[PDB]
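**Student:** I'd like to ask some things about the structure below.
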Ligand SMILES: CC(C)[C@H](C(=O)O)[C@@H](O)C(=O)O
Ligand SMILES: CC(C)[C@H](C(=O)O)[C@@H](O)C(=O)O
Ligand SMILES: [Cl-]
Ligand SMILES: [Cl-]
Ligand SMILES: [Mg+2]
Ligand SMILES: [Mg+2]
């Protein structure tokens with residue numbers, strides 16, 4: 001879809017399952033405030049995805065939803081999955097079923113998961129206090145359309161005790177180069193360090209990864225490159241998270257490293273995910289899941305979904321001041337002690353703010369300019 | 001080679017860096033144990049790793065491979081160092097010794113026991129309210145299948161379409177043999193197995209989870225749960241006391257064991273068992289060759305010493321001898337015999353040397 005100057009921007013809204021819809025409502029409330037403020041013309045089109053789409057259409061990614069994403073500038077996505085549908089066959093489940101085909105179809109090779117310890121919440125981290133007091137801010141860049149996720153041969157053959165399954169990890173120089181360039185450009189604008197995570201002592205793919213990373217590293221002389229094996233990286237993120245800036249990982253290794261870093265913040269309800277292609281189209285979603293055990297109770301933390309909209313404004317729509325406004329309003333809520341239940345002790349449950357109290361505060365803070 | 005009623009044969013492969021100095025403490029402890037229990041053991045020493053490169057021109061000399069073939073078990077140190085890290089990859093110590101050993105000897109079973117020792121919970125990089133509760137997690141890693149040894153591997157093409165590939169493969173036989181060991185291990189511990197996979201993405205993990213469900217029916221007293229690798233990395237942070245045995249494929253077990261080792265904050269205490277179906281195995285510290293402290297007499301020998309205890313239990317079936325070493329090491333750690341790295345720098349004068357630790361532990365076994 002190409003945007004024309006003065007036309008409305010088009011956002012496909014795919015709220016999904018569980019807490020998706022209730023936090024999406026708060027992202028739409030904060031977006032309405034931003035639209036009025038910075039003067040925007042945005043149109044929204046809602047589509048089912050995930051378990052909601054299994055329930056309404058019989059599959060997790062209906063053709064009408066694919067077509068609706070194709071017509072938009074950007075997708076604001078909630079979360080999918082839940083026990084209702086985990087009995088289902090594999091290709092048929094909400095997450096495998098919606099997320100892998102979305103990524104493949106739109107060539108969303110670039111995943112970026114920003115995580116940091118926010119001022120005054122260092123204590124909720126599961127790290128020892130002398131480590132969490134040091135802070136960290138780590139951007140994970142993960143290659144999303146290659147490696148072992150999409151490689152073939154992939155399947156199962158044979159019989160008796162010798163029946164075997166197989167998966168193939170594959171990477172080309174073109175695929176490694178595009179993802180490495182995003183990690184180095186990111187690092188150039190942050191603290192100028194890329195840690196590339198591989199298993200180059202075992203995997204041919206990682207020997208090639210490390211070679212092509214070294215090639216691209218030549219074009220970014222201001223940025224320090226280091227390499228680390230995936231097993232050692234899980235250890236070093238525990239011991240010295242303040243020493244990393246941008247992580248650059250393959251598809252499986254980035255799946256792992258981004259989750260470990262997310263849990264090290266102790267505040268996953270704050271975390272957002274960007275999945276983009278080379279034309280600037282992307283989907284923007286909370287890193288955490290559909291949390292079906294609390295769906296509908298108004299207790300979910302909507303900051304991850306709100307931040308997802310800020311990153312959509314910045315990355316796809318290039319509406320930079322609109323994005324920073326959201327981010328400032330979120331930070332003002334968190335420092336003015338507007339916290340949801342999972343960011344307070346169990347004894348302070350009655351000071352917790354609801355999903356809608358949080359969105360109200362953040363939307364009001366946007367209007368205050 | 002099998003054991004007949006005669007002397008046991010151990011092959012000693014000390015390797016590089018701190019390998020020799022902590023092997024010396026392990027040999028001291030073994031001498032005490034052979035005296036107290038009247039054991040009959042013969043030892044043979046072989047170069048491996050960079051020592052082997054420097055002396056023989058390759059990291060796993062044919063003499064070293066044969067010396068292991070002739071033994072009931074191997075006591076292994078560590079290999080690697082910056083002197084050798086510039087060489088072509090197959091010529092380097094680790095890749096060139098460990099992967100050929102594992103493949104040659106069919107060491108499909110890797111076991112890495114990890115726990116917070118009493119009084120050292122504060123070493124963990126976890127928040128105190130988590131670490132103070134303790135944990136003890138045994139990682140069972142499948143060691144000779146999956147993407148480590150799968151074929152094909154290599155490259156195709158040229159320029160932008162130069163591409164590389166690796167293949168993860170697993171048969172039912174390979175999943176069932178390593179699942180059994182996790183279930184037997186759990187039955188002797190806290191009766192829970194957590195199988196770590198990525199069954200929403202990998203065909204090998206769909207077959208892993210099916211074969212693990214089959215094997216679990218034979219151990220109805222053990223709780224089975226499945227967890228995806230990315231989530232397992234987060235749940236081991238928040239609730240490590242809730243896990244007993246982890247059951248993992250080769251790459252997933254390489255990653256999960258390393259995260260758990262760092263959750264202890266005391267990697268100098270940790271040992272690794274690599275065994276085959278015949279009970280032959282190689283027993284070694286989980287930690288590396290630490291060349292920047294080699295020869296200083298600062299290295300912690302507990303992981304090497306505990307490697308010799310596990311060799312006695314798993315390969316030699318000498319349970320009382322194994323338990324003796326474990327009791328002596330626990331005595332040392334609770335009686336203020338701790339090395340450099342287990343104490344604040346401010347308390348360095350209270351730290352024990354490599355040989356002071358061996359002496360004390362050997363002295364303690366010499367006391368019934
Ligand atoms: C649901 C699953 C296929 C997915 C992945 O592995 O990428 C998820 O873990 C994620 O990280 O977004
Ligand atoms: C050196 C490397 C090949 C090896 C492996 O990946 O298994 C190491 O990380 C280990 O855990 O023993
Ligand atoms: Cl991958
Ligand atoms: Cl594997
Ligand atoms: Mg994931
Ligand atoms: Mg490892």
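**Student:** In region A:9-24, how many are under 22 Å from residue A:321 (Cα atoms) and assigned to a helix (DSSP H, G or I)?
**Tutor:** Filtering region A:9-24 down to residues under 22 Å from residue A:321 (Cα atoms) leaves A:9-13, A:24.
Still in the list and also assigned to a helix (DSSP H, G or I): A:24.
Of the residues in that region, 1 qualify.
**Student:** For residue A:81, work out the one condition from (1) away from every other protein chain (no Cβ under 12 Å); (2) touching a residue at least 40 places away in the same chain (Cβ under 8 Å); (3) more than 16 Å from ligand 3 (Cβ to nearest atom) it doesn't fulfil.
**Tutor:** (1)
**Student:** Test each condition in (1) surrounded by fewer than 19 Cβ atoms within 10 Å (Cβ to Cβ); (2) in contact with a strand residue (DSSP E or B) (Cβ under 7 Å, 6 or more places away or on another chain); (3) in contact (Cβ under 8 Å) with a residue 12 or more places away in the chain for residue B:34 and report the one that comes out false.
**Tutor:** Unmet condition: (3).
**Student:** Hey, does region B:264-273 have a residue that's surrounded by fewer than 23 Cβ atoms within 10 Å (Cβ to Cβ), assigned to a helix (DSSP H, G or I) and over 15 Å from the mean Cα position of the chain (by Cα)?
**Tutor:** No, every residue in region B:264-273 fails to be surrounded by fewer than 23 Cβ atoms within 10 Å (Cβ to Cβ), assigned to a helix (DSSP H, G or I) and over 15 Å from the mean Cα position of the chain (by Cα).
**Student:** Still on this structure, I have one more. Within region A:281-299, can you find the residues that are part of a loop (DSSP other than H, G, I, E, B) and either within 16 Å of ligand 5 (Cβ to nearest atom) or closer than 15 Å to residue A:12 by Cβ (or both)?
**Tutor:** Initially, region A:281-299 is screened for residues part of a loop (DSSP other than H, G, I, E, B), giving A:281, A:287-299.
Matches in region A:281-299: A:281, A:287, A:288, A:289, A:290, A:291.
**Student:** Same structure, new question: May I ask you to verify whether residue B:150 is within 14 Å of chain A (Cβ to nearest Cβ) and touching a helix residue (DSSP H, G or I) at 6+ places or on another chain (Cβ under 8 Å)?
**Tutor:** Working: within 14 Å of chain A (Cβ to nearest Cβ): yes; touching a helix residue (DSSP H, G or I) at 6+ places or on another chain (Cβ under 8 Å): no.
Considered against the rule, which asks whether it is within 14 Å of chain A (Cβ to nearest Cβ) and touching a helix residue (DSSP H, G or I) at 6+ places or on another chain (Cβ under 8 Å), residue B:150 comes out as no.
**Student:** Out of all the residues in region B:242-282, which are within 13 Å of residue B:139 (Cβ to Cβ), away from chain A (no Cβ under 14 Å) and either more than 16 Å from ligand 2 (Cβ to nearest atom) or without any contact (Cβ under 8 Å) to a residue 40 or more places away in the chain (or both)?
**Tutor:** Of everything in region B:242-282, those that are within 13 Å of residue B:139 (Cβ to Cβ), away from chain A (no Cβ under 14 Å) and either more than 16 Å from ligand 2 (Cβ to nearest atom) or without any contact (Cβ under 8 Å) to a residue 40 or more places away in the chain (or both) turn out to be B:243, B:244, B:245, B:247.
**Student:** Also, I was wondering about something else. Can you give me the number of residues within region A:335-369 that are in contact (Cβ under 8 Å) with a residue 24 or more places away in the chain, assigned to a helix (DSSP H, G or I) and closer than 18 Å to residue A:122 by Cβ?
**Tutor:** Residues that pass the stated criteria total 3.
**Student:** Which residue is farthest from ligand 1 (Cβ to nearest atom), if the candidates are limited to region B:124-147 and must be over 21 Å from residue B:246 (Cβ atoms) and within 9 Å of chain A (Cβ to nearest Cβ)? If you could, list the steps in order and put the result at the bottom.
**Tutor:** Kept after step one, since they are over 21 Å from residue B:246 (Cβ atoms), are these residues of region B:124-147: B:127-129, B:132.
In the following step, the residues that additionally are within 9 Å of chain A (Cβ to nearest Cβ) were identified as B:127-128.
Numbers: B:127: 25, B:128: 30 Å.
My answer is B:128.
**Student:** Taking region B:311-320 as the region of interest, how many residues are touching a residue at least 40 places away in the same chain (Cβ under 8 Å) and surrounded by fewer than 24 Cβ atoms within 10 Å (Cβ to Cβ)? Spell out how you get there, then give the answer.
**Tutor:** If we filter region B:311-320 for residues that are touching a residue at least 40 places away in the same chain (Cβ under 8 Å), which is where we start, we get B:311-312, B:314-316, B:318, B:320.
Now narrow it down to the ones that are surrounded by fewer than 24 Cβ atoms within 10 Å (Cβ to Cβ): B:314, B:316, B:318, B:320.
Here the count works out to 4.
**Student:** Would you check if residue A:261 is in contact with a helix residue (DSSP H, G or I) (Cβ under 8 Å, 6 or more places away or on another chain), within 16 Å of ligand 5 (Cβ to nearest atom), assigned to a helix (DSSP H, G or I) and under 28 Å from residue A:239 (Cβ atoms)? Please lay out each step first, then the result.
**Tutor:** Details: in contact with a helix residue (DSSP H, G or I) (Cβ under 8 Å, 6 or more places away or on another chain): yes; within 16 Å of ligand 5 (Cβ to nearest atom): yes; assigned to a helix (DSSP H, G or I): yes; under 28 Å from residue A:239 (Cβ atoms): yes.
So residue A:261 fits the description; yes.
**Student:** Right, another one. Could you go through region B:154-164 and let me know if any residue there is within 24 Å of residue B:104 (Cα to Cα) and facing chain A (nearest Cβ under 7 Å). Full working, then the answer.
**Tutor:** Our first condition is that a residue be within 24 Å of residue B:104 (Cα to Cα); within region B:154-164, this holds for B:154.
Okay, now just the ones that are also facing chain A (nearest Cβ under 7 Å), so B:154.
Yes, that holds for at least one residue.
**Student:** Kindly indicate whether residue A:186 is touching a strand residue (DSSP E or B) at 6+ places or on another chain (Cβ under 6 Å) and within 16 Å of ligand 5 (Cβ to nearest atom). Show your work before the answer.
**Tutor:** On the way: touching a strand residue (DSSP E or B) at 6+ places or on another chain (Cβ under 6 Å): yes; within 16 Å of ligand 5 (Cβ to nearest atom): no.
Against the criterion (touching a strand residue (DSSP E or B) at 6+ places or on another chain (Cβ under 6 Å) and within 16 Å of ligand 5 (Cβ to nearest atom)), residue A:186 does not qualify.
**Student:** Restricting attention to region A:239-262, and to residues there that are farther than 20 Å from residue A:179 by Cβ and surrounded by fewer than 22 Cβ atoms within 10 Å (Cβ to Cβ), which single residue is nearest to ligand 4 (Cβ to nearest atom)?
**Tutor:** Taking region A:239-262 as the starting set, the residues that turn out to be farther than 20 Å from residue A:179 by Cβ are A:239-243.
Within this subset, residues satisfying the condition of being surrounded by fewer than 22 Cβ atoms within 10 Å (Cβ to Cβ) are A:239-240, A:242-243.
Details: A:239: 25, A:240: 27, A:242: 32, A:243: 29 Å.
Among residues in region A:239-262 that are farther than 20 Å from residue A:179 by Cβ and surrounded by fewer than 22 Cβ atoms within 10 Å (Cβ to Cβ), the one nearest to ligand 4 (Cβ to nearest atom) is A:239.
**Student:** Take the residues of region B:228-238 that are surrounded by fewer than 23 Cβ atoms within 10 Å (Cβ to Cβ) and more than 7 Å from every other protein chain (Cβ to nearest Cβ): which is nearest to residue B:132 (Cα to Cα)?
**Tutor:** By that ranking, first place goes to B:235.
**Student:** Okay, moving on. Output yes when any residue across region A:151-160 is closer than 29 Å to residue A:238 by Cβ and either in contact with a strand residue (DSSP E or B) (Cβ under 6 Å, 6 or more places away or on another chain) or touching a residue at least 40 places away in the same chain (Cβ under 8 Å) (or both), and no when none is.
**Tutor:** Of the residues in region A:151-160, the ones closer than 29 Å to residue A:238 by Cβ are none.
Checked against the condition, which is being closer than 29 Å to residue A:238 by Cβ and either in contact with a strand residue (DSSP E or B) (Cβ under 6 Å, 6 or more places away or on another chain) or touching a residue at least 40 places away in the same chain (Cβ under 8 Å) (or both), region A:151-160 yields no hits at all.
**Student:** Oh, and also: So residue B:175 clears everything in (1) in contact with a strand residue (DSSP E or B) (Cβ under 8 Å, 6 or more places away or on another chain); (2) within 30 Å of residue B:126 (Cα to Cα); (3) buried (at least 21 other Cβ atoms within 10 Å of the Cβ) except one condition, right? Which one?
**Tutor:** (2)
**Student:** Follow-up. Examine region B:214-227 for a residue that is within 7 Å of chain A (Cβ to nearest Cβ), more than 16 Å from ligand 1 (Cβ to nearest atom) and either more than 21 Å from the chain's Cα centre (by Cα) or not in a helix (DSSP H, G or I) (or both), and state whether such a residue exists.
**Tutor:** Taking region B:214-227 first, the residues within 7 Å of chain A (Cβ to nearest Cβ) are none.
Scanning region B:214-227, I find no residue that is within 7 Å of chain A (Cβ to nearest Cβ), more than 16 Å from ligand 1 (Cβ to nearest atom) and either more than 21 Å from the chain's Cα centre (by Cα) or not in a helix (DSSP H, G or I) (or both), so the answer is no.
**Student:** I need the full set of residues from region B:182-213 which are surrounded by fewer than 21 Cβ atoms within 10 Å (Cβ to Cβ), within 23 Å of residue B:242 (Cβ to Cβ) and at the interface with chain A (Cβ under 10 Å from one of its Cβ atoms), in order please.
**Tutor:** B:199, B:200
**Student:** Now, a different point. Taking the stated definitions as given, is residue A:127 in contact with a helix residue (DSSP H, G or I) (Cβ under 9 Å, 6 or more places away or on another chain), closer than 22 Å to residue B:122 by Cα and either without any contact (Cβ under 8 Å) to a residue 40 or more places away in the chain or surrounded by 12 or more Cβ atoms within 10 Å (Cβ to Cβ) (or both)?
**Tutor:** For residue A:127, the condition - in contact with a helix residue (DSSP H, G or I) (Cβ under 9 Å, 6 or more places away or on another chain), closer than 22 Å to residue B:122 by Cα and either without any contact (Cβ under 8 Å) to a residue 40 or more places away in the chain or surrounded by 12 or more Cβ atoms within 10 Å (Cβ to Cβ) (or both) - is met.
**Student:** If residue B:201 passes every condition in (1) away from ligand 3 (no atom under 16 Å from the Cβ); (2) within 21 Å of residue A:89 (Cα to Cα); (3) without any contact (Cβ under 8 Å) to a residue 24 or more places away in the chain but one, which one does it miss?
**Tutor:** (1)
**Student:** When only residues in region A:83-96 that are in contact with a helix residue (DSSP H, G or I) (Cβ under 8 Å, 6 or more places away or on another chain) and surrounded by 14 or more Cβ atoms within 10 Å (Cβ to Cβ) count, which is nearest to residue A:284 (Cα to Cα)?
**Tutor:** Step one: of region A:83-96, the residues in contact with a helix residue (DSSP H, G or I) (Cβ under 8 Å, 6 or more places away or on another chain) are A:84-85, A:88, A:90-95.
Next, only the ones that are surrounded by 14 or more Cβ atoms within 10 Å (Cβ to Cβ) stay: A:84-85, A:88, A:92-95.
Values: A:84: 24, A:85: 23, A:88: 26, A:92: 23, A:93: 21, A:94: 17, A:95: 15 Å.
Applying the filter and picking the extreme gives A:95.
**Student:** Moving to a separate point now. In this structure, is residue B:107 away from chain A (no Cβ under 11 Å), touching a residue at least 24 places away in the same chain (Cβ under 8 Å) and either touching a strand residue (DSSP E or B) at 6+ places or on another chain (Cβ under 7 Å) or more than 16 Å from ligand 3 (Cβ to nearest atom) (or both)? Even if it seems obvious, please write down each step before you answer.
**Tutor:** Numbers: away from chain A (no Cβ under 11 Å): yes; touching a residue at least 24 places away in the same chain (Cβ under 8 Å): yes; either touching a strand residue (DSSP E or B) at 6+ places or on another chain (Cβ under 7 Å) or more than 16 Å from ligand 3 (Cβ to nearest atom) (or both): yes.
Spelling it out, residue B:107 is indeed away from chain A (no Cβ under 11 Å), touching a residue at least 24 places away in the same chain (Cβ under 8 Å) and either touching a strand residue (DSSP E or B) at 6+ places or on another chain (Cβ under 7 Å) or more than 16 Å from ligand 3 (Cβ to nearest atom) (or both).
**Student:** When you look at residue A:300, is it surrounded by 17 or more Cβ atoms within 10 Å (Cβ to Cβ), touching a helix residue (DSSP H, G or I) at 6+ places or on another chain (Cβ under 8 Å) and more than 14 Å from chain B (Cβ to nearest Cβ), yes or no?
**Tutor:** Numbers: surrounded by 17 or more Cβ atoms within 10 Å (Cβ to Cβ): yes; touching a helix residue (DSSP H, G or I) at 6+ places or on another chain (Cβ under 8 Å): yes; more than 14 Å from chain B (Cβ to nearest Cβ): yes.
Yes.
**Student:** Continuing with the same structure: Take the residues in region B:53-82 that are in a helix (DSSP H, G or I) and surrounded by 14 or more Cβ atoms within 10 Å (Cβ to Cβ); name whichever of them is farthest from the chain's Cα centre (by Cα). Walk me through it before giving the result.
**Tutor:** Of the residues in region B:53-82, the ones in a helix (DSSP H, G or I) are B:53-56, B:62-69, B:82.
Those still in the list that are surrounded by 14 or more Cβ atoms within 10 Å (Cβ to Cβ) too: B:53, B:56, B:64-65, B:67-68.
On the way: B:53: 23, B:56: 26, B:64: 20, B:65: 19, B:67: 21, B:68: 18 Å.
Here the answer is B:56.
Rule-based calculations on the coordinates, nothing more; no lab input. Neighbour counts run over all protein chains shown; Cβ positions are idealised from the backbone, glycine included.
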